[PDB]
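> coordinates for the following, if possible.
(chains A and B)
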Amino acid sequence: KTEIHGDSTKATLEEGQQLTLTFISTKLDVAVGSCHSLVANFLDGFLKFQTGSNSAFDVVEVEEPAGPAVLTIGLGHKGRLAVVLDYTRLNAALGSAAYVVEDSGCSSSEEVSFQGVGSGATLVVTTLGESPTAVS
Amino acid sequence: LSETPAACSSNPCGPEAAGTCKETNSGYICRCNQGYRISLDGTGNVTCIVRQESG
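Residues are numbered from 1 along each chain as shown, chains lettered A, B, ... in the order given. Here you go:
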């Protein structure tokens, strides 16, 4: 395992691979070296993400995280990326969430920068998942 | 174009596990229930299974 234990880290994403980050944050912001950027607004309880240089971030509501979060990033074409966020909930539970971008407009194997990891941050590189399904 | 299924309509983040589903302008968003985490697929999509890490 790649144990970061810092404020930021950077991984190499690849089409066919995933990047998992076990970090503890309350507002982590990451950007991918091609086209991807997001802000895990854990505190406010919402997950904002954009695809491109200047773009609007969509929100996926978060069920009040406590800090512990796993952010996973996998590309399976070039622009088609999937982001998994797994957060420990303050409500005596866990909550996990994700989003996918059918065409982020990127090319295979981009450098993903995870920043705001806080502390306890640890990265693990994986290979892409299984079984396609999305709208575009 | 006839490639992708209607995200939330086809039931992606809607297994017997997941918690929430949201179609976006760039695909879809998934959200899991207490005992589940999101498992991303081999193309760049996501759905929920028992919580361990990245699914």
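> ok, the residue lying closest to residue B:6 once chain neighbours are set aside - how many residues close by?
Among residues not flanking residue B:6 along the chain, residue A:135 sits closest, at 5.5 Å (Cβ to Cβ, 6 or more residues apart in numbering or on different chains). Placement of C-beta: from N, CA and C, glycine included. Applying other Cβ atoms under 10 Å in any protein chain shown, we find 21 residues neighbouring residue A:135.
> I figured residue A:135 was touching residue B:23, is that so?
Yes. The pair residue A:135 and residue B:23 qualifies as a contact (Cβ atoms under 8 Å) at a distance of 5.6 Å.
> who touches both of those two?
The contact sets of residue A:135 and residue B:23 overlap at B:6, B:7, B:8, B:9 (Cβ atoms under 8 Å, 6 or more residues apart in numbering or on different chains).
> how about CSV for those, with secondary structure added?
Shown next, in CSV, are the shared contacts of residue A:135 and residue B:23 (DSSP: H, G, I helix; E, B strand; the rest coil):
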residue, secondary structure
B:6, coil
B:7, helix
B:8, helix
B:9, helix
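> distance of the residue nearest to residue B:6 from residue A:8?
Computed as Cβ to Cβ, to the nearest Å, the residue A:135 to residue A:8 distance reads 33 Å.
> again with residue B:55
From residue B:55 to residue A:8 the distance is 25 Å (Cβ to Cβ).
> who has more neighbours, the two?
Each of residue B:55 and residue A:8 has its neighbours counted (other Cβ under 10 Å); residue B:55 has more, 26 against 16.
> residues contacting the nearest residue to the more buried one once chain neighbours are set aside?
Among residues not flanking residue B:55 along the chain, residue B:39 sits closest, at 2.5 Å (Cβ to Cβ, 6+ apart). Listed by Cβ under 8 Å, 6+ apart, the contact partners of residue B:39 are A:84, A:129, B:46, B:47, B:48, B:49, B:54, B:55.
> what of residue B:35?
The contact partners of residue B:35, by Cβ under 8 Å, 6+ apart, come to A:94, B:17, B:50, B:51.
> the same query, at a cut-off of 7 Å, please.
Residue B:35 makes contacts with B:50, B:51, as judged by Cβ atoms under 7 Å, 6 or more residues apart in numbering or on different chains.
> over to residue B:52?
By Cβ under 7 Å, 6+ apart, the contact list for residue B:52 reads residue B:37.
> now residue A:46
Residues counted as contacts of residue A:46 (Cβ under 7 Å, 6+ apart) are A:59, A:60, A:61, A:62.
> and the next helix or strand past the longest strand seen in chain A?
Longest strand in chain A, counting residues (DSSP state E): strand A:65-75. Using DSSP states H and E, the helix or strand that follows strand A:65-75 in sequence is strand A:81-89.
> kindly export that next one (C-alpha atoms) in PDB.
Written as PDB, here are the backbone C-alpha positions of strand A:81-89 (Å, rounded to 0.1, in the frame of the first residue of the first chain):
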ATOM      1  CA  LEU A  81     -14.000   7.800 -15.900                       C
ATOM      2  CA  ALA A  82     -15.500   6.500 -12.700                       C
ATOM      3  CA  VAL A  83     -15.000   8.000  -9.300                       C
ATOM      4  CA  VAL A  84     -15.800   6.100  -6.200                       C
ATOM      5  CA  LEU A  85     -15.900   7.900  -2.900                       C
ATOM      6  CA  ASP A  86     -16.400   5.800   0.300                       C
ATOM      7  CA  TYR A  87     -16.900   7.900   3.400                       C
ATOM      8  CA  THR A  88     -17.400   7.000   7.000                       C
ATOM      9  CA  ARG A  89     -20.600   8.700   8.200                       C
END
